[PDB]
Each structure stands twice: as structure tokens, then as C-alpha cells.
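> When you get a sec, could you give me coordinates for this:
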Amino acid sequence: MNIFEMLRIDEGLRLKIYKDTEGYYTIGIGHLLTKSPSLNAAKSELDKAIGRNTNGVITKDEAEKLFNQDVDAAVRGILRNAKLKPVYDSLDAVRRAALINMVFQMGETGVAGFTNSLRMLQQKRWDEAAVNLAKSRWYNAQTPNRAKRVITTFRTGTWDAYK
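Numbers count the residues shown, from 1 in each chain. Sure, structure below:
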């Protein structure tokens, strides 16, 4: 398992325009198109990303290129974040993969705001960190089950949540 399989697992794949948990236009493997209520806007945003007239639908390979780009930016976002980077440096390979999962899901900015948990990860207090992570809208309301998976990864440093 690696970050690709992991997010592939958490996000799925859809070749047509869709609405994520918060009613936002998304496509492929979690590609957020636009916070904008307009399907048109979502379409125009899409055609731009892909570089063609999609009519709102893409190919598998097209999903896959957006995904590579997205995993890449995540990682880079982390590396540029003053707040995120040192956490990241301290983590093992599995655990960074969860860190990257949350960044992909709620941005660097959203993530860099879980200060508390971040220190606790930094300091290797897995259990405390999981508990702290759990007190979130993320966990509580947003995406419970996926948050539990990611939460568990951070705890165990295993992919057990993934099989």
C-alpha cells in the first residue's frame, strides 16, 4: 500500500461530475472543481484542467493525471508549510501517508490548524494524538469513517485500517 492506493480507497473514482459530502463539484479521484454552486462553473473549471471540451465527463486516464498532480501538490504544500514540514520529517513512511491524506482532503491550511494534534504527533504520543484528532468536525460530522481510517493509521503506523 502507498498514498495512491490509500487515497484511491478513500476517495473512489468517478468519471462524471459529482457532488462531494458538502455538495461541491468534484470529479475523478477527489478532484475538487469548484466550491461554486454552478455546474457551468464546474464544467468550465474542468475543461480548463483537462484542456478540452469535456461536457463534464472524463476518461480514466484523465482522472489519473489529475490525481498525480493533486498528490504532488499536497506533498509540496506540506514541504512548504513551516508548521507541517517538521511534523512530516519526524514521521515514519506510513504515518506521513496519513498526513498527506488529510492535506489532500482539507488543504495545508486546514491541516496546519490542528496545532494540538500536530504537536502530539511530533512528540510521538499516538494515543493522545488520536483522541485529539477525533474531536473534529472532520471526524464528528464531515467524514467519520474515513477520518477513523486515517486516525488509525496515525495510531498504529500500519495500514491495518486499509485491509
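
> CA only for contacts and neighbour counts going forward, please
Will do.

> Mind listing what's buried along the longest strand belonging to the chain?
Ranked by residue count, the top strand of the chain under DSSP state E comes out as strand 14-19. By neighbour count, and taking 16 or more other C-alpha atoms under 10 Å as the criterion, the buried residues in strand 14-19 are 14, 15, 17, 18, 19.

> closest to residue 96 among these?
For these, the closest approach to residue 96 (C-alpha to C-alpha) belongs to residue 14, at 25.9 Å.

> Bridged to the closest one, which residues?
The residues paired with residue 14 through beta bridges, assigned by DSSP bridges, are residue 28.

> Assign residue 52 to helix, strand or coil.
Local secondary structure at residue 52 is given as coil here, using DSSP: H, G, I helix; E, B strand; the rest coil.

> what about the residue nearest to residue 54 when sequence neighbours are not counted, which helix or strand?
Beyond its immediate neighbours in the sequence, the residue positioned closest to residue 54 (C-alpha to C-alpha, 6 or more residues apart in numbering) is residue 47, lying 5.6 Å away. Element membership for residue 47 (DSSP states H and E) is helix 39-50.

> give the contact list for residue 79.
Residues touching residue 79, when contacts are defined by C-alpha atoms under 8 Å, 6 or more residues apart in numbering, comprise residue 85.

> Other residues contacting the longest strand of the chain?
With C-alpha under 8 Å, 6+ apart as the test, strand 14-19 has contacts from 24, 25, 26, 27, 28, 29, 56, 57, 58, 59, 60, 63.

> Neighbours of the fifth one, how many?
By other C-alpha atoms under 10 Å, 26 other residues sit near residue 28.

> same check, this time on the third one
Neighbourhood size, residue 26 [other C-alpha under 10 Å]: 20.

> on that earlier part again, please name every helix or strand in contact with the helix holding residue 47.
With contacts taken as 3 or more C-alpha pairs under 8 Å, 6 or more residues apart in numbering; DSSP states H and E, helix 39-50 sits against strand 25-28, strand 31-34.
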